Amino acid sequence: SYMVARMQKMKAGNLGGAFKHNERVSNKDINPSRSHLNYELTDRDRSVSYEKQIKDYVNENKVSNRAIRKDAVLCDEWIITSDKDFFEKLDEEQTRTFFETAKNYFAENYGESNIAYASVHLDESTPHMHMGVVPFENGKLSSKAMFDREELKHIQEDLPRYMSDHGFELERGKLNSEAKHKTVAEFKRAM
DNA sequence: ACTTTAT
DNA sequence: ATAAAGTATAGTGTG
Ligand SMILES: [Mn+2]
Ligand code: NA
């Protein structure tokens, strides 16, 4: 099974949507009977939004006096998953451990303090986690500084190997992969 | 490498 | 006027 790890840039715009969905505040493949089974791995406050959480965090810690730019990348949302088969082999304890382990890799490489949320969805087709990493470093907020072409290449080699080192049996994706990413809607048509 | 942004 | 950070990026799956 391949390690699936992919990030999306999140602004003020789409963080409201991310928050209202990630909390189950519908889609055909959501089983509402199972939504009570989702869980959150950070110890964030359920009732505070992501925008409000991150904006306060950055402002309260940033070296510069200047305002966060309207078009700033407030966080990079990483989807952490694999395929059906992969999870089929694991029980509840181990599935939880898998996501905590991935969360760790991101804590250790980019700061435990920058994991805004870590939201595990067991009510869709395949267990996955929506994990918000705030690109904040040296008192500066910059996705550009933190996740560049090389960092993404690096993660594709390094994350899967770090997972396997903790007893999880997944291989890295195809190097120089030709694939274009499809949005979830696009990918459903494809099957 | 070039534009937008907030100074 | 200046300069940091905006633009994608790397990967596979029904996020
Ligand atoms: Mn989900
Ligand atoms: Na220009």
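Each chain gets a letter, A, B and so on, in the order its sequence line appears, and its residues count up from 1.
Heavy-atom distances to DNA chain C give each of A:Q8 and A:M191 a nearest nucleotide, and the one nearer the 5′ end belongs to A:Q8.
The hydrophobic cluster containing A:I54, built from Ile/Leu/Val/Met/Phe/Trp/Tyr side-chain heavy atoms closer than 4.5 Å, also comprises A:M10, A:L15, A:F19, A:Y50, A:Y57, A:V58, A:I68, A:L74, A:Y117, A:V134, A:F136, A:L141. Listed by chain and number, the hydrophobic cluster partners of A:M191 come to none, as no ILVMFWY side chain reaches under 4.5 Å of it.
In terms of the side-chain hydrogen bond (donor to acceptor under 3.5 Å, both in side chains) criterion, residue partners of A:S35 (sequence neighbours excluded) are, by chain and number, A:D123. Residues satisfying the salt bridge (charged side-chain N to carboxylate O under 4.0 Å, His left out) criterion with A:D71, sequence neighbours excluded, are A:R69.
Residue contacts for A:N176: at a heavy-atom cut-off of 4.0 Å it reaches the sugar-phosphate backbone alone, with no base atom in range. Among the atoms of the strands shown, only primed sugar atoms or phosphate atoms (P, OP1, OP2) are found under 4.0 Å from some heavy atom of A:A67. If you check every strand for non-hydrogen atoms under 4.0 Å, A:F187 touches a base.
The separation of C:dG11 from C:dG15, taken at their P atoms, amounts to 23 Å, rounded to a whole angstrom. Taking atom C1' on both nucleotides, B:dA1 is separated from C:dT12 by 31 Å, rounded to a whole Å. Across the P atoms, C:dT14 and C:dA10 are found 22 Å apart, a figure rounded to whole Å.
Using a 3.5 Å distance cut-off with no hydrogens or angles, the side chains of A:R172 and A:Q156 do not pair a donor with an acceptor. For the 3.5 Å distance criterion, the side chains of A:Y162 and A:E157 fail to qualify, holding no donor opposite an acceptor.
Side-chain contact between A:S142 and A:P135: absent, with no pair of heavy atoms (C-beta onward) separated by less than 4.5 Å.
When the side-chain nitrogen and oxygen atoms of A:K182 are compared with OP1 and OP2 of C:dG15, none of them lie within a distance under 4.0 Å.
Proximity of the aromatic rings of A:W78 and A:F147 is defined here by a centroid distance below 6.0 angstrom, and this criterion is met. If you look at A:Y2 and A:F86, their ring centroids are not closer than 6.0 Å.
For A:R24 and A:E124, the salt-bridge test passes: some basic side-chain N is under 4.0 Å from an acidic carboxylate O. Between A:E100 and A:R96 there is a salt bridge, since at least one side-chain N of the basic residue sits less than 4.0 Å from a carboxylate O of the acidic one. One finds a salt bridge joining A:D56 and A:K52 here, because a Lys/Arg side-chain nitrogen approaches an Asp/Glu carboxylate oxygen to under 4.0 Å.
Chain A approaches DNA chain B over the interval B:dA1 to B:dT7, counting the first and last nucleotide 5' to 3' with an atom under 4.0 Å from its heavy atoms.
Between the side chain of A:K62 and the backbone N or O of A:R66 there is at least one donor-acceptor pair closer than 3.5 Å. In this structure, the side chain of A:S64 does not engage the main chain of A:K140 through any donor-acceptor pair within 3.5 Å. Not one N or O on the side chain of A:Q53 forms a donor-acceptor pair closer than 3.5 Å with the backbone of A:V48. Looking only at distances, no side-chain donor or acceptor of A:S143 sits under 3.5 Å from a matching main-chain atom of A:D76.
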Table please: side-chain donor-acceptor pairs of residues 25-33 of chain A below 3.5 Å, with sequence neighbours left out.
| unit_1 | atom_1 | unit_2 | atom_2 | d |
| --- | --- | --- | --- | --- |
| A:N27 | OD1 | A:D29 | N | 2.7 |
| A:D29 | OD2 | A:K188 | NZ | 2.6 |
| A:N31 | OD1 | A:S33 | N | 3.0 |

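Across residues 116-131 of chain A, A:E124, A:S125, A:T126, A:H128, A:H130 each have a non-hydrogen atom less than 4.0 Å from an atom of DNA chain C (numbered order). The stretch residues 16-53 of chain A comes close to DNA chain C through A:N27, A:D29, each having a heavy atom under 4.0 Å from the strand. Only A:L152, A:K153, A:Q156, listed by number, bring a heavy atom of residues 150-166 of chain A to less than 4.0 angstrom from any atom of DNA chain C. A heavy atom lying under 4.0 Å from DNA chain C marks the following residues of residues 81-109 of chain A, by number: A:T81, A:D83.
We find that NZ of A:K180 is positioned 18 Å from P of C:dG13, with the value rounded to whole Å. Spacing between atom CD of A:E186 and atom P of C:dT12 amounts to 17 Å, rounded to whole angstrom units.
Screening residues 1-16 of chain A for salt bridge (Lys or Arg N to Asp or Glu O under 4.0 Å) gives no qualifying pairs among residues at least two apart or on separate chains.
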*Report, as a single string ordered 5' to 3', how protein heavy atoms within less than 4.0 Å touch nucleotides 3-8 of chain C: B base, S sugar-phosphate only, - not at all.*
-BBBBB
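Using a 30° and 60° split on the angle between ring planes, A:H128 and A:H130 fall in the perpendicular class, above 60°.
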